[PDB]
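This is query.pdb. It holds PDB, C-alpha atoms.
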ATOM      1  CA  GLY T   1       0.000   0.000   0.000
ATOM      2  CA  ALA T   2       2.761   2.413  -0.995
ATOM      3  CA  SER T   3       4.108   1.671   2.480
ATOM      4  CA  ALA T   4       4.358   4.455   5.056
ATOM      5  CA  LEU T   5       6.392   7.623   4.531
ATOM      6  CA  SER T   6       7.685   7.435   8.104
ATOM      7  CA  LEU T   7      10.911   5.944   9.453
ATOM      8  CA  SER T   8      11.071   4.137  12.794
ATOM      9  CA  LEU T   9      12.651   6.289  15.498
ATOM     10  CA  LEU T  10      16.168   5.220  16.470
ATOM     11  CA  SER T  11      18.502   5.998  19.362
ATOM     12  CA  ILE T  12      22.282   5.568  19.433
ATOM     13  CA  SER T  13      24.606   6.625  22.243
ATOM     14  CA  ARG T  14      28.393   6.308  22.202
ATOM     15  CA  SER T  15      30.477   7.401  25.197
ATOM     16  CA  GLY T  16      33.370   4.942  25.008
ATOM     17  CA  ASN T  17      33.301   2.314  27.749
ATOM     18  CA  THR T  18      29.892   0.884  26.866
ATOM     19  CA  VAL T  19      27.652   1.539  23.850
ATOM     20  CA  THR T  20      23.868   1.989  23.981
ATOM     21  CA  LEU T  21      21.804   1.670  20.807
ATOM     22  CA  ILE T  22      18.227   0.379  20.682
ATOM     23  CA  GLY T  23      15.556   0.325  17.978
ATOM     24  CA  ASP T  24      14.280  -1.823  15.115
ATOM     25  CA  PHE T  25      16.024  -3.001  11.947
ATOM     26  CA  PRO T  26      14.486  -4.286   8.666
ATOM     27  CA  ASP T  27      16.784  -7.293   8.351
ATOM     28  CA  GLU T  28      19.618  -9.014  10.198
ATOM     29  CA  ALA T  29      22.278  -8.782   7.488
ATOM     30  CA  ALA T  30      21.921  -5.021   7.874
ATOM     31  CA  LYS T  31      23.730  -5.304  11.205
ATOM     32  CA  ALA T  32      26.859  -6.515   9.402
ATOM     33  CA  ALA T  33      27.163  -3.172   7.589
ATOM     34  CA  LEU T  34      26.907  -1.248  10.849
ATOM     35  CA  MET T  35      28.763  -3.736  13.029
ATOM     36  CA  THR T  36      31.692  -3.627  10.612
ATOM     37  CA  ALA T  37      31.770  -0.016  11.764
ATOM     38  CA  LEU T  38      32.101  -0.945  15.433
ATOM     39  CA  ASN T  39      35.196  -2.974  14.585
ATOM     40  CA  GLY T  40      36.761   0.488  14.585
ATOM     41  CA  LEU T  41      35.653   1.369  18.115
ATOM     42  CA  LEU T  42      35.813  -2.203  19.407
ATOM     43  CA  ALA T  43      38.367  -2.016  22.218
ATOM     44  CA  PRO T  44      39.727  -4.685  24.623
ATOM     45  CA  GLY T  45      37.295  -5.099  27.520
ATOM     46  CA  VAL T  46      34.729  -2.912  25.773
ATOM     47  CA  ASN T  47      31.097  -3.744  26.518
ATOM     48  CA  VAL T  48      28.303  -3.553  23.944
ATOM     49  CA  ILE T  49      24.575  -3.197  24.557
ATOM     50  CA  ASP T  50      22.714  -3.133  21.247
ATOM     51  CA  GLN T  51      19.274  -4.693  20.926
ATOM     52  CA  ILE T  52      17.534  -4.303  17.589
ATOM     53  CA  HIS T  53      14.338  -6.020  16.469
ATOM     54  CA  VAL T  54      13.839  -7.425  12.974
ATOM     55  CA  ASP T  55      11.017  -6.095  10.812
ATOM     56  CA  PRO T  56      11.334  -6.554   7.009
ATOM     57  CA  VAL T  57       8.329  -4.180   6.845
ATOM     58  CA  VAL T  58       8.957  -1.256   9.224
ATOM     59  CA  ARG T  59      10.787   1.530   7.427
ATOM     60  CA  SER T  60      14.068   2.206   9.218
ATOM     61  CA  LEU T  61      17.145   4.375   8.718
ATOM     62  CA  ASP T  62      19.250   3.119   5.808
ATOM     63  CA  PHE T  63      22.672   2.588   7.379
ATOM     64  CA  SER T  64      23.974   0.710   4.332
ATOM     65  CA  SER T  65      26.276   3.736   4.050
ATOM     66  CA  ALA T  66      26.644   4.389   7.743
ATOM     67  CA  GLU T  67      30.121   2.947   7.672
ATOM     68  CA  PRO T  68      31.475   6.034   5.837
ATOM     69  CA  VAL T  69      29.409   8.215   8.182
ATOM     70  CA  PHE T  70      29.865   6.411  11.506
ATOM     71  CA  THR T  71      33.515   6.039  10.489
ATOM     72  CA  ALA T  72      33.565   9.817  10.162
ATOM     73  CA  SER T  73      32.446   9.974  13.791
ATOM     74  CA  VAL T  74      34.833   7.264  14.999
ATOM     75  CA  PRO T  75      37.499   9.718  16.370
ATOM     76  CA  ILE T  76      34.732  10.799  18.758
ATOM     77  CA  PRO T  77      33.425   8.147  21.223
ATOM     78  CA  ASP T  78      31.250  10.848  22.794
ATOM     79  CA  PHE T  79      28.881  11.308  19.854
ATOM     80  CA  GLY T  80      25.117  10.846  19.628
ATOM     81  CA  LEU T  81      22.837   9.939  16.712
ATOM     82  CA  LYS T  82      19.074  10.503  16.627
ATOM     83  CA  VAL T  83      16.566   9.714  13.891
ATOM     84  CA  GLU T  84      12.911  10.779  13.953
ATOM     85  CA  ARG T  85       9.923   9.923  11.767
ATOM     86  CA  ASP T  86      10.387  12.992   9.591
ATOM     87  CA  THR T  87      13.818  14.401  10.469
ATOM     88  CA  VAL T  88      17.264  13.386  11.718
ATOM     89  CA  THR T  89      19.296  15.280  14.324
ATOM     90  CA  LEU T  90      23.035  15.098  15.001
ATOM     91  CA  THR T  91      24.672  16.133  18.276
ATOM     92  CA  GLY T  92      28.072  15.338  19.743
ATOM     93  CA  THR T  93      30.708  16.836  22.013
ATOM     94  CA  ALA T  94      33.405  18.248  19.724
ATOM     95  CA  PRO T  95      36.242  19.867  21.765
ATOM     96  CA  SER T  96      37.370  21.130  18.347
ATOM     97  CA  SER T  97      35.141  22.551  15.607
ATOM     98  CA  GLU T  98      35.384  21.829  11.877
ATOM     99  CA  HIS T  99      35.943  18.261  13.054
ATOM    100  CA  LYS T 100      32.145  18.065  12.889
ATOM    101  CA  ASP T 101      32.048  19.255   9.280
ATOM    102  CA  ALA T 102      33.129  15.929   7.795
ATOM    103  CA  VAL T 103      30.514  14.263   9.997
ATOM    104  CA  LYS T 104      27.680  16.416   8.646
ATOM    105  CA  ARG T 105      28.798  16.055   5.030
ATOM    106  CA  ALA T 106      28.806  12.282   5.447
ATOM    107  CA  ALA T 107      25.285  12.242   6.886
ATOM    108  CA  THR T 108      23.871  14.630   4.274
ATOM    109  CA  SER T 109      25.029  12.269   1.541
ATOM    110  CA  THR T 110      23.465   9.323   3.382
ATOM    111  CA  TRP T 111      20.138  11.035   4.096
ATOM    112  CA  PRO T 112      19.528  13.903   1.620
ATOM    113  CA  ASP T 113      15.729  13.623   1.358
ATOM    114  CA  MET T 114      15.599  13.853   5.153
ATOM    115  CA  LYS T 115      16.168  17.023   7.169
ATOM    116  CA  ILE T 116      19.528  16.931   8.929
ATOM    117  CA  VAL T 117      20.211  19.268  11.844
ATOM    118  CA  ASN T 118      23.746  18.981  13.184
ATOM    119  CA  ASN T 119      24.123  21.393  16.080
ATOM    120  CA  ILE T 120      27.392  20.716  17.906
ATOM    121  CA  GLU T 121      27.939  22.374  21.276
ATOM    122  CA  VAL T 122      31.366  22.548  22.915
ATOM    123  CA  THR T 123      31.011  21.739  26.612
ATOM    124  CA  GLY T 124      33.056  24.497  28.247
ATOM    125  CA  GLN T 125      31.616  28.008  28.436
ATOM    126  CA  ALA T 126      28.071  26.973  29.335
ATOM    127  CA  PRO T 127      27.430  24.612  32.302
ATOM    128  CA  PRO T 128      27.033  20.806  31.907
ATOM    129  CA  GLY T 129      24.122  20.106  29.561
ATOM    130  CA  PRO T 130      21.417  17.437  30.081
ATOM    131  CA  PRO T 131      22.492  13.969  31.365
TER     132      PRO T 131
END

For the file at hand, write its structure as structure tokens.
Amino acid sequence: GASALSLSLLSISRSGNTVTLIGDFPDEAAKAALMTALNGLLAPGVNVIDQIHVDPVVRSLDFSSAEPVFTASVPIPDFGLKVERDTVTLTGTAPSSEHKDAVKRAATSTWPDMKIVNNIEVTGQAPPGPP
């Protein structure tokens, strides 16, 4: 029925020690494309907590090209990724600046028909943000 024009909300948190990413995926093989990305952050003694449900029907974020993107965010284990049902937001602690540029460019290419709002905020001047 022309399927739905809405993507399942997703949540991904990366701090370093442990990783927290929950949501729903369309297939299982899809994990291999993303997982192959973790191989970059995978450290000795590192814990992983990712629970995704399979749903060959529910429209989800196409990470097929998340490697190039996620890989662009690898040098930052303190980054966050959020996808909505109409838009996608990007926010991560960047003690630098332009360092976020490459990250945004990578996402834009991956999700051009979706609104991307990448608003980095350097934790320094202002007080500690939300938990």

- Task: Rank nothing, just name the residue among T:18, T:73, T:123, T:64 nearest to residue T:50, using only C-alpha atoms.
- Result: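 That would be T:18, the residue with the smallest distance to residue T:50.
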
- For residue T:110, which residue among T:124, T:34, T:62, T:22 is the nearest when counting all atoms listed in the file?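 Counting all atoms listed in the file, the residue closest to residue T:110 is T:62.
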
- Task: Up to 9 Å from (33.5, 23.5, 19.8) in the file's coordinates: name the residues, counting only C-alpha atoms, as a ChimeraX atom specification.
- Result: /T:93-100,120-124

- Hits from the PyMOL selection byres ((chain T and resi 103) around 9), listed as a PyMOL selection string: chain T and resi 69-73+99-102+104-108+118

- Message: For the provided coordinates, the residues matched by the PyMOL selection byres ((chain T and resi 58) around 9) should be stated as a PyMOL selection string.
- Response: chain T and resi 3-4+6-8+24-26+54-57+59-60

Can you spit out the residues from that selection as an mmCIF file, keeping the file's coordinate frame, using C-alpha atoms?
data_model
loop_
_atom_site.group_PDB
_atom_site.id
_atom_site.type_symbol
_atom_site.label_atom_id
_atom_site.label_comp_id
_atom_site.auth_asym_id
_atom_site.auth_seq_id
_atom_site.Cartn_x
_atom_site.Cartn_y
_atom_site.Cartn_z
ATOM 1 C CA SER T 3 4.108 1.671 2.480
ATOM 2 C CA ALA T 4 4.358 4.455 5.056
ATOM 3 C CA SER T 6 7.685 7.435 8.104
ATOM 4 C CA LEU T 7 10.911 5.944 9.453
ATOM 5 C CA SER T 8 11.071 4.137 12.794
ATOM 6 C CA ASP T 24 14.280 -1.823 15.115
ATOM 7 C CA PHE T 25 16.024 -3.001 11.947
ATOM 8 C CA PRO T 26 14.486 -4.286 8.666
ATOM 9 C CA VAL T 54 13.839 -7.425 12.974
ATOM 10 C CA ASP T 55 11.017 -6.095 10.812
ATOM 11 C CA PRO T 56 11.334 -6.554 7.009
ATOM 12 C CA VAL T 57 8.329 -4.180 6.845
ATOM 13 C CA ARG T 59 10.787 1.530 7.427
ATOM 14 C CA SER T 60 14.068 2.206 9.218
#

- Task: Please indicate the distance in Å from atom CA of residue T:35 to atom CA of residue T:84, rounded to one decimal place.
- Result: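 If I compute the distance from atom CA of residue T:35 to atom CA of residue T:84, I get 21.5 Å.
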
- Query: So which residues fall inside 12 Å of (27.5, 5.7, 13.2) if we count all atoms listed in the file? Mind giving them as a PyMOL selection string?
  - Reply: chain T and resi 10-14+19-21+31+33-41+61-83+90-92+103-104+106-107+110

Hey, could you pull the box centre and edge lengths for stretch 76-79 of chain T, axis-aligned, 4 Å padding per side, all listed atoms, to one decimal in Å, as AutoDock Vina command-line options?
--center_x 31.8 --center_y 9.7 --center_z 20.8 --size_x 13.9 --size_y 11.2 --size_z 12.0

- Query: By how many Å are atom CA of residue T:89 and atom CA of residue T:109 apart?
  - Reply: 14.3 Å
